[PDB]
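Protein chains in written order, with the authors' numbering: chain A, 23 to 425; chain B, 38 to 118, 120 to 438; chain J, 4 to 240; chain I, 5 to 131; chain f, 43 to 87, 95 to 353, 367 to 621, 644 to 907.
Built from N, CA and C at the ideal position, the CB exists for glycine as well.
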Ligand SMILES: Nc1ncnc2c1ncn2[C@@H]1O[C@H](COP(=O)(O)OP(=O)(O)OP(=O)(O)O)[C@@H](O)[C@H]1O
Ligand SMILES: Nc1ncnc2c1ncn2[C@@H]1O[C@H](COP(=O)(O)OP(=O)(O)O)[C@@H](O)[C@H]1O
């Protein structure tokens with residue numbers, strides 16, 4: 023029952039409008055002109071720099087044409103491997119080259135160091151420009167974080183955890199007593215662990231309370247990556263950036279993939295993790311003890327590898343909290359109520375009692391919900407909006423427990 | 038490497054009749070006239086040049102110094118005067135461009151020219167036509183509007199309010215000092231879901247939109263599933279603040295499985311990272327993450343909490359009036375019949391969703407076009423019911 | 004992970020949960036009280052031209068004062084009726100007073116709980132519901148979840164579309180609209196009629212008038228009640 | 005996903021039973037048509053290899069009682085024992101009541117035994 | 043290929059029948075065709098089979114003897130020609146045919162017959178009026194068929210094709226007239242002027258017949274025929290229609306001068322005078338709680367200079383416009399102007415009048431003290447403030463005329479400038495003979511400077527906008543002739559053509575006489591003046607010739645520099661067809677290609693046309709393109725782009741746009757020339773707290789108010805060359821927004837004229853179904869109380885069918901009456 027050929031054309035011409043063929047021809051011309059004007063562009067030149075550089079900065083491009091014979095030492099750039107006692111430099115080059123050169127007369131051997139990229143002039147491959155690249159990928163820009171974290175009221179002060187860590191982080195940075203009265207160096211490390219909650223907020227508070235040597239938030243899940251050696255290099259530049267930034271503290275977070283689990287499936291399941299473990303130990307071993315740099319490692323469960331017994335000499339003072347009581351919860355309410363347009367005339371102690379061990383994250387969540395209910399009611403007031411504050415906090419506590 | 042695309046197309050989609058008539062014809066004539074007058078204008082202006090001033094100062098100073106031979110290479114790093123560019127076959131050059139230096143458009147990681155001989159950069163290929171590693175913004179700000187959907191007024195109002203807390207009245211909770219990126223958790227029957235998409239186009243009328251559907255149970259060792267979306271949402275903040283529509287992965291990729299350990303590492307990584315991004319204390323931006331699912335039961339307790347993921351919205355089945363509206367929308371383009379057989383097809387129907395409505399409307403035209411070709415086929419009054427049965431609803435042995 | 008009759012890490016009993024979700028596959032079942040009559044309907048819509056409609060047996064009697072309806076697996080339901088009927092005859096043998104609706108519902112719930120117990124027995128993926136007049140006048144309705152439990156309901160609303168029909172019932176469960184037997188029947192209709200098409204003869208209603216036998220409504224009278232419901236719907240512009 | 009017979013599905017389906025019932029469609033062919041003053045069964049003889057003798061006089065059609073007859077369409081191993089049990093049930097009813105067993109009662113007994121087989125214990129459903 | 047067995051059998055049967063009809067003897071010709079035609083007119087209520102018999106059927110029809118046999122034969126050829134058409138053979142056969150009842154031959158045939166009639170009606174020459182009547186009779190037979198079978202919109206197509214909309218009035222009933230008239234209104238926007246007036250006149254005819262006066266007044270305002278407006282106002286008699294007419298005239302801004310013999314005349318002239326406009330606007334502003342005077346400082350977000371302080375004062379007046387509640391210029395205002403430097407005291411006082419605009423009683427008392435100020439600039443600013451206060455709003459005693467008595471022709475240039483601009487804003491659209499006879503002699507003064515004479519022309523143009531005032535034009539031309547050409551064409555004669563364009567706004571055709579009289583002028587100014595008056599007169603018409611003439615002339619090299649008229653061509657590009665969305669979003673793209681490859685003067689004037697397209701409408705593509713071009717090398721291009729963003733976001737309070745301007749303020753903090761006008765753009769965006777919109781398209785965004793576009797165009801003409809004129813002296817020309825500043829909320833009264841709290845559903849209103857002339861469909865019902873800001877794209881609708889409005893158009897003012905079915 024197909025009956026299409028010839029028939030379909032007749033019924034396509036059977037109905038239509040009186041000028042349906044006209045608009046079809048009109049819109050085909052519309053599309054024809056659309057393609058023509060897309061071909062008939064405006065600035066029809068992919069290369070840009072039309073005039074603002076090509077009128078005055080061009081005049082100095084004549085100067086670089088007069089100095090075109092110099093400034094050609096670019097050619098190719100590659101790392102260096104090692105050197106002899108002083109004059110000769112045995113170098114591995116990105117051209118796979120077993121390369122040695124007399125370093126260019128303008129470059130002293132002191133500046134050039136092993137493992138640094140240097141450009142070579144094709145004529146003689148002299149060490150002309152030893153570029154200190156210090157190039158950071160985008161993910162590494164996330165591993166490094168903001169310095170001025172801003173101080174608060176001990177970010178919901180849990181007096182136990184903060185006061186135990188101040189003598190191990192704040193005190194060494196103050197350096198008032200570490201040298202003589204107590205043994206040589208302050209305690210070798212801090213492990214600020216705990217269930218998802220107050221973890222690393224006290225670190226941020228310590229960062230604000232201390233000098234400009236401020237922490238960077240690196241993630242172990244980011245650190246573990248594809249292929250081999252990238253995680254090793256990432257940890258190395260992590261230490262380099264922290265060392266350069268006034269010897270700031272390095273905050274390792276979520277240490278359950280960089281150290282992995284306590285096991286490896288067949289020593290081939292997670293072996294790049296093991297590659298990162300060897301180099302990280304080589305970096306944060308300290309060698310010569312130094313009260314300048316600090317390291318803090320924070321996870322939720324003590325799932326660290328075998329170095330968990332070497333760290334008593336390197337990373338000691340394992341502390342935790344994430345267990346807010348009534349006094350802790352109500353103080354977190356106060357510091358959060360410092361924000362927004364709320365005032366403490368609300369009986370927020372009642373809601374602190376209602377939620378047993380609701381962390382500090384949920385309290386911030388509950389405060390966020392209270393503001394959301396205020397804007398939903400379209401009232402920007404929240405100082406005296408306490409009954410509405412209590413109502414939205416209790417109903418959302420109901421939803422969190424059972425929705 | 039990508040900021041925006043030239044939007045010089047979609048010439049006035051508002052053709053009011055959308056059917057062959059004189060009003061539509063006159064609008065098309067005005068459209069086609071306005072195209073020539075522009076092609077007139079630009080052609081008249083480009084050739085009727087304001088002034089003939091030498092070689093437009095182009096061939097006199099720079100075009101010669103750019104040279105005839107050139108090679109294309111990426112630009113790596115920027116220094117005060120020179121530029122650190124990584125050309126082909128792993129070649130790196132520290133040379134100061136001063137001809138066709140558009141510093142804004144050069145950027146690191148972009149193709150630039152090399153004049154050979156004394157290798158100096160002389161230009162940049164701004165197009166470069168190759169940002170193809172992870173492409174999710176290709177479908178940005180979809181053209182679908184509110185009018186494409188109907189009969190869902192309660193949900194449209196709810197989603198609009200949740201997404202017009204920003205943009206509109208941003209000072210409302212700015213003074214309230216919360217800046218909540220709560221997002222929306224959408225329920226709904228499995229017979230729907232792209233309505234969860236069609237109701238999302240209401241907010242997609244403003245700013246851009248991103249989609250992550252199916253993805254994977256992030257077996258990848260780096261994870262980064264929810265984490266590259268965080269980067270893409272950061273890119274969305276760089277652009278107009280976009281939304282992330284993660285339908286069917288808030289359920290499967292974020293599953294409330296009873297298992298704690300040895301659970302494909304998604305529970306360890308994906309759920310935790312989703313909460314980190316959904317928390318406003320970690321990431322800023324007007325990005326609103328629309329979580330849509332057809333299994334409310336598998337809501338993870340972290341996703342259950344309205345404290346971090348608020349604005350829970352339930353999508354119900356269409357009612358009698360909603361079924362009338364959706365059928366009218368889908369059959370408006372097709373001119374079903376002159377008798378307007380509308381209520382007979384939905385009055386007794388139950389548990390019929392948007393996808394089913396689209397399918398039956400499409401199959402109604404196909405069956406008429408099969409052999410019943412009569413323009414407005416007189417059989418469509420009952421053939422619409424003939425293909426609304428269409429079996430295919432559900433089939434499983436007998437068991438009953 | 005684990006889907007057997009053992010406790011899961013979060014609690015619950017996942018096999019029992021799967022059995023409880025299996026009632027969705029089946030048919031709707033509504034029924035109400037009223038102190039004058041209990042009426043319950045099923046509204047089956049699947050009858051081929053070659054199958055006899057006698058042996059669908061979606062509602063069955065127990066002791067001429069107790070009747071139950073299907074929601075879920077039919078074979079399990081039929082085994083449940085057979086065992087429950089045997090137990091009603093036993094409780095008529097001993098304890099010469101006739102069986103009470105609460106007693107038989109308790110027995111059915113106990114059997115379901117016993118079958119959920121231990122790994123050997125599949126947890127009887129059927130959700131039953133029982134109406135009937137007790138010996139002391141009062142008619143009662145109990146609904147038994149497949150796991151182990153029974154609950155005395157004014158309206159049952161069990162099966163596919165259970166949520167919507169239960170919402171409709173609890174919305175307008177007016178005792179003044181219950182009153183007379185005809186009012187009760189017409190309240191069950193337009194509530195079960197709401198589920199799916201319900202056009203020609205899909206409704207399968209049942210009737211228990213105090214001390215009368217189990218009355219299965221005739222199709223012509225069902226159409227008459229549908230017409231009366233339509234008349235009530237009319238004049239309401 | 006399948007496991008020991010007495011299981012369910014995450015949705016709540018008896019996928020082992022459904023698979024067995026679908027497999028019943030595979031292989032074998034019988035049909036029954038009921039008419040006035042006579043009801044008949046038609047069976048498709050699957051294997052017609054010339055090396056048989058056809059001495060059993062019936063393969064698909066089985067006489068189960070004086071007033072009834074059946075026709076299996078599943079695996080013969082379970083079919084034989086099911087037919088034996090069905091004849092035993094019919095004759096037990098005949099002994100108990102001294103009257104031919106009604107067809108519906110016999111079918112209910114057989115389907116009860118099959119429901120028991122698919123209900124409890126680690127026993128395969130009668131395919 | 044194998045057809046159906048029955049289909050082939052019937053095909054062979056019809057083959058035998060046509061062979062019988064094609065036989066030699068004609069005795070069997072009649073029976074064969076009797077049998078044939080019955081199944082020919084079967085599928086229409095077949096045609097495939099007779100596909101290859103075209104030549105044979107033509108021979109049979111021609112061979113048929115005249116009479117019954119011939120005209121059925123012509124009938125069959127016609128109904129088959131709809132498939133076998135190499136020409137309109139269907140109509141030529143049907144004209145020869147029976148001309149009996151045709152409608153029974155199928156809907157496809159009658160629709161094809163209708164179109165072929167339309168083609169012939171257009172094809173027939175003027176001398177041929179013999180067959181025109183039979184086609185007209187055929188048309189009058191098919192229109193009832195189209196009305197019954199919901200084909201009225203294509204019936205309108207064929208009647209307008211044959212120019213028979215007069216009998217369209219007599220045939221259409223009210224049960225479907227609303228969608229037909231809406232279809233007519235849509236076609237109005239694109240049809241050229243003579244048929245455009247024809248469809249407007251017939252649209253008035255239908256609505257007058259069906260007692261649909263409120264929308265008829267909307268159509269009359271489109272026709273810009275004040276005589277017809279008066280005629281239809283007299284035609285309607287009911288108290289409810291009388292009072293809604295006066296709202297519509299009052300909302301439009303044009304005062305209708307009538308007699309007191311009409312009932313409730315005092316209220317009609319008051320509501321037409323917008324006396325209660327200010328009281329209602331403040332009342333709704335208080336109800337929204339939007340009354341607090343927003344400081345210019347926290348608009349600037351100063352968390353991180368005389369001209370900059372002036373810009374802060376101007377944006378403060380813009381934000382607090384029409385309010386009259388601002389103590390910054392009231393309590394310590396004298397200190398602020400004393401602290402102010404040079405030329406800015408006039409603008410600061412005028413900005414104070416902007417705060418007090420439409421507040422006649424309150425404004426006059428609070429400006430009386432500043433009237434006696436010492437400085438001439440403060441006095442002139444105070445007088446300009448009085449004109450701004452009385453601008454738009456009409457008053458019974460008209461205090462502006464008496465207040466500006468010595469200053470109208472005062473010898474001091476600054477004092478005369480303030481009064482003249484004030485009278486122009488006041489009498490804008492009044493068309494008062496007394497005001498014209500007092501300001502035109504001031505135009506004739508020779509002691510006034512060139513810019514003073516231009517301001518007089520601006521005042522005369524805005525007062526007599528769209529009036530074709532002959533004596534005004536003669537004085538304008540005479541003043542141009544008397545003034546020497548060398549000093550004319552310097553920088554300030556650009557206001558004289560603007561007055562001519564305003565006076566002939568929306569008229570066209572007659573402009574040939576004005577340009578012919580203006581032909582004596584030398585090329586550098588004549589080529590600018592004639593183009594400006596032409597585009598202003600042909601504005602809102604879709605005359606894409608006038609734009610392409612502009613496109614051709616703006617393309618010339620024109621490089644003493646006469647190429648300045650390329651800019652007014654660019655403004656005219658947007659001005660001609662800014663009416664609907666089409667003709668604006670694509671001329672927008674034209675402006676994109678103007679910027680994309682164009683002259684420096686061209687790219688200077690493009691953002692002005694971009695702002696004119698979508699003033700007060702924050703389209704995303706416009707905002708992005710303007711922001712990207714706000715950093716161009718040419719300073720004037722940057723200035724125009726900054727102001728364009730302010731205008732497109734004006735009266736919107738668009739949060740993201742305001743953030744963009746704040747970023748621009750940080751970008752342009754080093755250079756104050758861009759900085760103070762970026763502040764100006766922000767003040768425009770927050771002008772009147774966004775309560776009053778600046779788009780000159782009102783009454784469902786499809787009516788051109790002459791006064792508002794006159795003031796708007798004056799600002800854009802000033803912004804053609806602000807790189808010279810705003811820097812020098814024109815700190816007063818920015819106050820022309822008063823005409824374009826109209827409130828965009830809903831004020832609901834009742835039959836007793838009291839504010840109603842009736843709630844309405846507001847949301848996006850865009851077309852969903854285009855099957856016919858259906859009303860625009862609204863989505864997104866965010867219903868609340870009646871004060872709601874009506875922006876572009878979104879409209880309002882009553883929540884329930886309980887309150888019946890005087891007009892379905894829901895903007896500005898409206899009266900809601902109790903429905904008879906309300907319960
Ligand atoms: N004691 C506290 N007082 C106030 N807010 C707290 C407290 N503890 C946690 N929070 C809140 O919890 C959120 C995240 O807390 P924090 O930064 O300590 O953890 P994290 O880095 O997200 O990870 P984890 O929860 O696994 O430790 C923030 O919004 C923070 O305000
Ligand atoms: N109520 C409705 N009105 C108009 N269009 C709809 C409606 N519901 C769905 N659609 C359209 O039908 C398509 C399928 O809808 P949906 O049911 O969301 O898909 P799926 O069931 O595959 O998830 C969508 O792309 C949407 O545009």
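- Looking only at f/825, f/789, f/809, the smallest Cα-Cα distance to residue 736 of chain f is reached by f/825.
- Along the stretch 20-35 of chain I, the positions whose C-beta sits under 7 angstroms from a C-beta of chain B are 22, 25, 26, read in chain order.
- Contact between residue 867 of chain f and residue 840 of chain f does not hold, since the beta-carbon distance rounds to 15 angstroms and is not under 8 angstroms.
- With 16 or more other CB atoms across the displayed protein chains lying within 10 angstroms of its CB, residue 890 of chain f is buried.
- Counting along the chain, the unbroken beta strand (DSSP E) around residue 275 of chain A starts and ends at 272-275.
- Of A/251, A/312, A/386, the smallest CA-CA separation from residue 201 of chain A is found for A/312.
- In this structure, B/376 is the residue among B/382, B/376, B/175 with its C-alpha nearest to the C-alpha of residue 414 of chain B.
- At a cut-off of 3 residues, the continuous stretches assigned as beta strand (DSSP E) that sit fully inside the stretch 817-899 of chain f are 831-833, 844-848, 878-882, 887-889.
- Residue side-chain check: residue 238 of chain B keeps its Cβ at 7 angstroms or more from all non-hydrogen atoms of ligand 2.
- As the crow flies, the alpha-carbon of residue 137 of chain A is around 50 angstroms from that of residue 296 of chain B.
- Interface annotation, residue 48 of chain B: in contact with chain A, CB-CB separation under 8 angstroms.
- By the criterion of a C-beta distance shorter than 7 angstroms, residue 251 of chain B is surrounded in its chain by 285, 286, 287, once the five residues flanking it on both sides are discounted.
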